[PDB]
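**Student:** Dropping a structure here in structure tokens format, bear with me for questions.
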Amino acid sequence: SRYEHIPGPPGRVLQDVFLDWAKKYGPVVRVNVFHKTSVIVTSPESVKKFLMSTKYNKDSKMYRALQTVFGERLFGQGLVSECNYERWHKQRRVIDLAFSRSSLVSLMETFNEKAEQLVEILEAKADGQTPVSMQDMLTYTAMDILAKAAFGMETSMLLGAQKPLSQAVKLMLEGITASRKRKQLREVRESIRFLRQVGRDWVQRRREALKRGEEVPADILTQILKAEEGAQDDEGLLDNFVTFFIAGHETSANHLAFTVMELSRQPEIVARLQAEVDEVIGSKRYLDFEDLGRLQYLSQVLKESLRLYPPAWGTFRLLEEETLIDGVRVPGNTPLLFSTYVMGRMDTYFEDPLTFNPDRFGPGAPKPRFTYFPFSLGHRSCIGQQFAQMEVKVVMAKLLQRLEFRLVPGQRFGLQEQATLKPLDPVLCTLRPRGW
Ligand code: HEM
Ligand SMILES: O=C(c1cccnc1-c1ccncc1)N1CCC(O)(Cc2ccccc2)CC1
């Protein structure tokens, strides 16, 4: 009854219900998420106010679902789910060093190598008949890239290795959203314990390598270890291991899958993308850093994919004191939900919101002002945004260079929600090599 005055109700996901409600009830709406009343805020004025300030911090009660799942510590107090500013700021600044310009440029080989491996696997299946799950294939590529890039490990999922790990990740992701029977609880808990134990194993290996005096290239793991340099235990270290292990591939994978799915019904845009890749990189097997900037139309297409299909759909901030938010009195101690998914699909912010038009992001176009934030905004924006943007460009360019994709009829364009948003179907495609 402290929220009853707030406007709201008395392959389709919860985020679409939020969209319906935002359109019907306005820019500040009372909802239910994780059994706590929150308020969904969809004006750009409020996006700017709350996301662009260090006065407003993440709401720990909303992130509890990431911290622990059915009594098993998952993301814990790692970089995403830490809600105390000062503890967050300490780890952010140390881990930042692994995402410097020069750190990222040195990852171009890993990106090219895994992309080339994926494409060679796909080319062998390109008979215009064999159904290929592009969701699965892109997920394996994202994982292999992340494992190598962040941790110096070879998962070899593209070779069919690590099935138990891919199961662990899948069951864990389902559990996050499920917590919003007996056998599900057992499977979820064991999967989370498995992921942390992988963490312990890889950490010990890294420590052993350093002890024996072997070469260890400075990576995300190096800075994560640095962030914990005199902690009383390894729990903080394991929290970040799991956080980056998951966050570092899941959404890149989803983003790739959504893009391939959408592009399957956009032959004109595909022909333009094929033409750009042919002109910028020709037959080069390897994309250089400077080539990435020249794939301008591809950049625009990936931005438009994220407008309609943001895998990371939202973020929460704690409103501490009663505040007037677009003409609505919102009580203190209230979680505010900001959703780039909802805003992206509102005709108030985007003309013909359901039309896929890369020209929205053209060099002369008016830039969206606080209506588009697939990597969020402000101090809690995605640390891996540029890592992600580079990796998906490399993967997309290499697919476009070499293969034609047709979505198998019956495959749907609808969404599912498992912490993140992702294609409902496995994006089954048949493939042909480019050039007949
Ligand atoms: C297209 C791919 C990606 C998308 C769409 C994305 C999106 C986001 C969003 C929306 C947030 C804010 C989360 C929140 O407020 O709760 C975030 C934060 C974060 N992301 Fe990503 N991300 C992507 C890729 C990555 C990658 C590749 C990494 C690591 C290699 C990563 C690691 C993180 C971390 C550690 C945070 C917390 C940052 C902080 O609070 O300081 N993400 N990301
Ligand atoms: O922490 C994650 C995450 C969860 C699972 C896999 N990956 C990532 C992730 C990938 C890339 N960058 C950051 C993080 N996300 C993505 C989910 C939401 O945006 C909202 C959300 C908040 C609370 C509970 C569920 C959902 C939040 C932040």
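Naming scheme: A, B, ... for chains in displayed order of the structure tokens; residues 1 onward per chain; ligands 1 onward as shown.
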For ligand 2, return the neighbouring residues as a PyMOL selection string (distance at most 8 Å; only C-alpha atoms and all ligand atoms).

**Tutor:** chain A and resi 62-66+80-81+173+176-177+243+246-252+311-316+375+382-384+418-420

**Student:** Once you count only C-alpha atoms, what closest atom pair and distance in Å to one decimal does each residue of range 324-357 of chain A within 12 Å of range 253-264 of chain A have, with rows by chain and rising residue number, as a Markdown table?

**Tutor:**
```
| residue | atom | partner | partner_atom | distance |
| --- | --- | --- | --- | --- |
| A:354 | CA | A:262 | CA | 11.7 |
| A:355 | CA | A:262 | CA | 10.9 |
| A:356 | CA | A:262 | CA | 8.4 |
| A:357 | CA | A:262 | CA | 11.3 |
```

**Student:** I need the residues of range 42-128 of chain A that end up classed as strand (DSSP E or B) by DSSP on the backbone, written out as a list in words.

**Tutor:**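 Checking each residue of range 42-128 of chain A, the strand (DSSP E or B) ones are residues 68, 69, 72 and 73 of chain A.
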
**Student:** Export, as a tab-separated table (two decimals), in the first residue's frame, the selected residues with N, CA and C atoms.

**Tutor:**
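Generated output (selection.tsv):
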```
chain	number	residue	atom	x	y	z
A	68	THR	N	23.81	-15.13	-5.10
A	68	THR	CA	23.62	-16.49	-4.62
A	68	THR	C	22.37	-17.06	-5.28
A	69	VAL	N	22.39	-18.35	-5.59
A	69	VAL	CA	21.24	-19.02	-6.18
A	69	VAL	C	20.98	-20.33	-5.45
A	72	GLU	N	23.70	-21.24	-3.03
A	72	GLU	CA	25.05	-21.42	-3.59
A	72	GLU	C	25.58	-20.10	-4.14
A	73	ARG	N	26.73	-19.69	-3.61
A	73	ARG	CA	27.37	-18.44	-4.01
A	73	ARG	C	27.77	-18.50	-5.48
```

**Student:** So that I can check the surroundings of residue 124 in chain A, please list as JSON, numbers by chain every protein, DNA and RNA residue that reaches within 12 Å of it, counting only C-alpha atoms and ignoring chain neighbours fewer than 3 positions away.

**Tutor:** {"A": [117, 118, 119, 120, 121, 127, 128, 129, 130, 132, 402, 403, 430, 431, 432, 433]}

**Student:** Could you list, as a list in words, every residue within 10 Å of residue 114 in chain A, counting only C-alpha atoms and ignoring same-chain residues fewer than 4 positions away?

**Tutor:** residues 109, 110, 118, 119, 120, 140, 141, 142, 143, 144, 145, 148, 156, 158, 391, 394 and 395 of chain A

**Student:** So which residues touch residue 152 in chain A within 9 Å, counting only C-alpha atoms, skipping near sequence neighbours fewer than 4 positions away, as a list in words?

**Tutor:**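 Those residues are residues 146, 147, 148, 206, 216, 217, 219 and 221 of chain A.
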
**Student:** For residue 16 in chain A, which of A:396, A:346, A:150, A:225 is the closest residue, counting only C-alpha atoms?

**Tutor:**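 Of A:396, A:346, A:150, A:225, the one nearest residue 16 in chain A is A:346, counting only C-alpha atoms.
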
**Student:** Ranking A:78, A:414, A:26, A:164 by minimum distance to ligand 1 and counting only C-alpha atoms and all ligand atoms, which one comes first?

**Tutor:**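 Among the listed residues, A:78 lies closest to ligand 1.
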
**Student:** Residues of range 209-409 of chain A in helix (DSSP H, G or I) according to DSSP, as number ranges by chain?

**Tutor:** A: 209-211, 220-227, 235-247, 250-263, 267-281, 289-294, 296-308, 340-344, 358-361, 378-380, 385-402

**Student:** Export, as a tab-separated table (two decimals), in the first residue's frame, the selected residues with C-alpha atoms.

**Tutor:**
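Result written to again_4.tsv:
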```
chain	number	residue	atom	x	y	z
A	209	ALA	CA	52.85	-21.52	-13.41
A	210	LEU	CA	54.09	-18.36	-11.66
A	211	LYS	CA	55.90	-20.43	-8.99
A	220	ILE	CA	41.97	-10.35	-16.84
A	221	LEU	CA	42.96	-13.13	-14.44
A	222	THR	CA	46.17	-11.25	-13.57
A	223	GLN	CA	44.19	-8.17	-12.47
A	224	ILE	CA	41.52	-10.20	-10.68
A	225	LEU	CA	44.29	-11.81	-8.62
A	226	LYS	CA	45.80	-8.34	-8.09
A	227	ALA	CA	42.46	-7.01	-6.81
A	235	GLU	CA	36.02	-16.12	-2.14
A	236	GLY	CA	36.36	-12.64	-3.69
A	237	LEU	CA	38.73	-14.06	-6.27
A	238	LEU	CA	36.27	-16.86	-7.13
A	239	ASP	CA	33.37	-14.36	-7.29
A	240	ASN	CA	35.21	-12.44	-10.02
A	241	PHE	CA	36.36	-15.61	-11.80
A	242	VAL	CA	32.79	-16.78	-12.16
A	243	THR	CA	31.53	-13.32	-12.98
A	244	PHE	CA	33.96	-12.77	-15.87
A	245	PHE	CA	33.74	-16.42	-16.99
A	246	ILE	CA	29.98	-16.01	-17.46
A	247	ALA	CA	29.60	-12.31	-18.30
A	250	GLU	CA	27.06	-15.20	-22.49
A	251	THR	CA	25.93	-11.82	-23.83
A	252	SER	CA	28.47	-11.74	-26.68
A	253	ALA	CA	27.07	-15.13	-27.72
A	254	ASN	CA	23.44	-13.90	-27.42
A	255	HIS	CA	24.28	-10.73	-29.40
A	256	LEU	CA	25.87	-12.76	-32.19
A	257	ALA	CA	22.93	-15.20	-32.31
A	258	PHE	CA	20.34	-12.38	-32.42
A	259	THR	CA	22.25	-10.64	-35.21
A	260	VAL	CA	22.58	-13.79	-37.34
A	261	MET	CA	18.89	-14.57	-36.71
A	262	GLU	CA	17.70	-11.07	-37.72
A	263	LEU	CA	20.03	-10.85	-40.71
A	267	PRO	CA	18.92	-10.06	-47.57
A	268	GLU	CA	19.48	-6.47	-48.75
A	269	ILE	CA	21.35	-5.53	-45.58
A	270	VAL	CA	23.31	-8.81	-45.86
A	271	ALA	CA	24.39	-7.99	-49.42
A	272	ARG	CA	25.56	-4.53	-48.22
A	273	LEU	CA	27.50	-6.15	-45.36
A	274	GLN	CA	29.08	-8.72	-47.70
A	275	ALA	CA	30.10	-5.84	-50.02
A	276	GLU	CA	31.67	-3.81	-47.16
A	277	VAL	CA	33.68	-6.78	-45.88
A	278	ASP	CA	34.87	-7.56	-49.43
A	279	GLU	CA	36.07	-3.93	-49.89
A	280	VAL	CA	37.73	-3.44	-46.49
A	281	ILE	CA	39.51	-6.79	-45.91
A	289	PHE	CA	42.84	-3.48	-35.47
A	290	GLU	CA	42.57	-0.59	-37.96
A	291	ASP	CA	40.19	-2.64	-40.16
A	292	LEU	CA	37.59	-2.70	-37.37
A	293	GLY	CA	37.01	1.03	-37.61
A	294	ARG	CA	36.47	0.78	-41.37
A	296	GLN	CA	31.22	1.23	-40.42
A	297	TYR	CA	28.03	-0.30	-41.80
A	298	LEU	CA	28.71	-3.44	-39.80
A	299	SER	CA	29.09	-1.24	-36.66
A	300	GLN	CA	25.69	0.29	-37.39
A	301	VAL	CA	24.04	-3.10	-37.90
A	302	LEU	CA	25.41	-4.39	-34.54
A	303	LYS	CA	24.16	-1.23	-32.77
A	304	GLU	CA	20.67	-1.74	-34.27
A	305	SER	CA	20.75	-5.41	-33.25
A	306	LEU	CA	21.37	-4.21	-29.67
A	307	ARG	CA	18.47	-1.68	-29.83
A	308	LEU	CA	15.94	-4.43	-30.60
A	340	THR	CA	17.00	-0.49	-22.72
A	341	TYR	CA	14.75	-3.30	-24.02
A	342	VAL	CA	11.56	-1.39	-23.20
A	343	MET	CA	12.81	2.01	-24.40
A	344	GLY	CA	14.14	0.52	-27.60
A	358	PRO	CA	20.88	0.36	-39.39
A	359	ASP	CA	20.60	3.90	-40.81
A	360	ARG	CA	19.41	5.04	-37.32
A	361	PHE	CA	23.11	4.90	-36.41
A	378	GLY	CA	27.80	5.94	-16.18
A	379	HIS	CA	30.23	4.47	-13.66
A	380	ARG	CA	28.54	1.03	-13.68
A	385	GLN	CA	32.11	-3.12	-23.90
A	386	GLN	CA	35.09	-2.55	-26.18
A	387	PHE	CA	36.29	-6.22	-25.79
A	388	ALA	CA	32.77	-7.29	-26.83
A	389	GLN	CA	32.49	-4.81	-29.71
A	390	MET	CA	35.86	-5.97	-31.10
A	391	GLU	CA	35.18	-9.70	-30.75
A	392	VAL	CA	31.72	-9.65	-32.33
A	393	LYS	CA	33.01	-7.51	-35.22
A	394	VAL	CA	35.77	-10.01	-35.93
A	395	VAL	CA	33.40	-12.98	-35.78
A	396	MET	CA	30.70	-11.28	-37.88
A	397	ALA	CA	33.17	-10.05	-40.52
A	398	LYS	CA	34.64	-13.50	-40.97
A	399	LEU	CA	31.21	-15.17	-41.34
A	400	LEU	CA	30.15	-12.50	-43.89
A	401	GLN	CA	33.37	-12.96	-45.85
A	402	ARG	CA	32.93	-16.67	-46.29
```

**Student:** Neighbouring residues of residue 6 in chain A were defined as those with any atom within 8 Å, considering only C-alpha atoms; residues of the same chain fewer than 3 positions away were excluded. Please report them as an MDAnalysis selection string.

**Tutor:** chainID A and resid 3 28:30 328:330

**Student:** So which one's closest to ligand 1, A:376, A:112, A:53, A:184? Using only C-alpha atoms and all ligand atoms, please.

**Tutor:**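 Under the stated criterion, the closest residue is A:376.
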
**Student:** If I take CA of residue 193 in chain A and CA of residue 205 in chain A, how far is one from the other in Å, to one decimal?

**Tutor:**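 Those two atoms sit 18.4 Å apart.
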
**Student:** For a quick check of understanding, using only C-alpha atoms and all ligand atoms, which of A:77, A:191, A:232, A:106 has the smallest distance to ligand 1?

**Tutor:**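 Of all the options, A:77 lies closest to ligand 1.
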
**Student:** Could you tell me which of A:50, A:85, A:370, A:309 comes closest to residue 421 in chain A if we count only C-alpha atoms?

**Tutor:**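 The answer is A:309, which sits nearest to residue 421 in chain A.
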
**Student:** Using only C-alpha atoms, which of A:19, A:137, A:198, A:108 sits nearest residue 169 in chain A?

**Tutor:**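 Among the listed residues, A:198 lies closest to residue 169 in chain A.
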